[PDB]
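Undergrad:
Residue numbers (the authors' numbering), protein chains in the order written: chain b, 99 to 146; chain BY, 9 to 78.
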């Protein structure tokens, strides 16, 4: 995160100041790599 | 005359009261022997499949819809 400590926020509120802050929440990034079941051959054949 | 009709009625009573042999046994023997051939004819395909090595679902039967529930 990048939380910005804004000093006496209440004081500047009394001053009537609009306030912004470059902020980040606790984000996350996940990568899953998933192997693939891939057919290649067959021979014993049966019907039912 | 009156005596003639009593003779006639007595004959009808005696005739229609004839003892009934148990026909129920003969039908069962016919039914059992008929199923005997129906089930016994499947021995050929069953024996061949077993010796061939096929599985239970791999053996095809020539069994058709039949009465007496097989």
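Don't be surprised by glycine CBs; every beta carbon is placed ideally from N, CA and C.
When the Cα atoms are used, what is the spatial distance from residue 122 of chain b to residue 102 of chain b?
TA: For the purposes of this step, residue 122 of chain b is identified with residue 24 of the first chain, where counting begins at 1. For the purposes of this step, residue 102 of chain b is identified with residue 4 of the first chain, where counting begins at 1. One alpha carbon belongs to residue 122 of chain b, the other to residue 102 of chain b, and they sit about 9 Å apart.
Undergrad: If you pair each beta-carbon of the segment 25-34 of chain BY with each one of the segment 60-67 of chain BY, do three or more pairs fall below 8 Å?
TA: Three or more beta-carbon pairs separated by less than 8 Å are not found between the segment 25-34 of chain BY and the segment 60-67 of chain BY, which leaves the two stretches without contact.
Undergrad: What number of angstroms, rounded off, separates the C-alpha of residue 24 of chain BY from the C-alpha of residue 55 of chain BY?
TA: Along the second chain, one-based indexing puts residue 24 of chain BY at 16. Along the second chain, one-based indexing puts residue 55 of chain BY at 47. Cα to Cα, the separation comes out at about 54 Å.
Undergrad: Whose CA, out of BY:77, BY:51, BY:76, BY:75, lies closest to the CA of residue 69 of chain BY?
TA: Mapped onto the second chain, residue 69 of chain BY falls at position 61. Among BY:77, BY:51, BY:76, BY:75, the Cα nearest to that of residue 69 of chain BY is on BY:51.
Undergrad: From residue 128 of chain b to residue 99 of chain b, what distance separates their C-alpha atoms?
TA: Within the first chain, numbered from 1, the residue matching residue 128 of chain b stands at position 30. Within the first chain, numbered from 1, the residue matching residue 99 of chain b stands at position 1. The alpha-carbon atoms of residue 128 of chain b and residue 99 of chain b are separated by roughly 17 Å.
Undergrad: Quick check: the Cα distance between residue 76 of chain BY and residue 139 of chain b, rounded to an integer number of angstroms?
TA: The count along the second chain starts at 1 and reaches residue 76 of chain BY at position 68. The count along the first chain starts at 1 and reaches residue 139 of chain b at position 41. If you take the alpha carbons of residue 76 of chain BY and residue 139 of chain b, they lie about 47 Å apart.
Undergrad: Please state the DSSP three-state secondary structure of residue 16 of chain BY.
TA: The sequence position of residue 16 of chain BY within the second chain is 8, counting from 1. Residue state, collapsed to three classes: helix.
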